[PDB]
């Protein structure tokens, strides 16, 4: 279009696939936390990807693959399937799925695992997306495009008093910054 650039960590270098990264809360917003598999609600397997109310923990690595592949650069509009680098042993996968539309989950909640136990229930189908509609320095937003009716929506934030459950906002939210997790190759 106007037209897709490469997606950068913003420690200056284009961002890659099967590469482990972290996502910080940009520049202190608000008040910024990291993300991980966190504790929220109760027992059947934690699906809730949490954002931290504390900055000491950058959470868990984040693998942006167009998933059943290997590729070199992630340009702003190219699909992908994202997942953490280690699942709590008991949810099925670490892939992020969006549980939907009712039941006191109340937005499409960020979900790891293949079935549900507890709140909400049926995880929507779809491939993710991302990147800034940004201005002076740094990086920005990630997006989801559904299988059924989603000409895709943003991912804002919902809280619930446990931490901060990610979700699909109506407007857009989250200035996001990327920190490769290190490595060679």
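Residue numbers count along the first chain shown, from 1.
The stretch 10-18 shows the higher mean C-alpha B-factor when 10-18 is compared against 168-176 in the entry.
The stretch 101-109 shows the higher mean C-alpha B-factor when 87-95 is compared against 101-109 in the entry. Across the options 34, 61, 120, 127, the residue with the most elevated CA B-factor in the record is 120. The top Cα temperature factor in the record, among 56, 49, 69, 143, falls on 69. Ranked against the other modelled residues of its chain, the C-alpha B-factor of residue 73 as given in the entry falls in the middle third.
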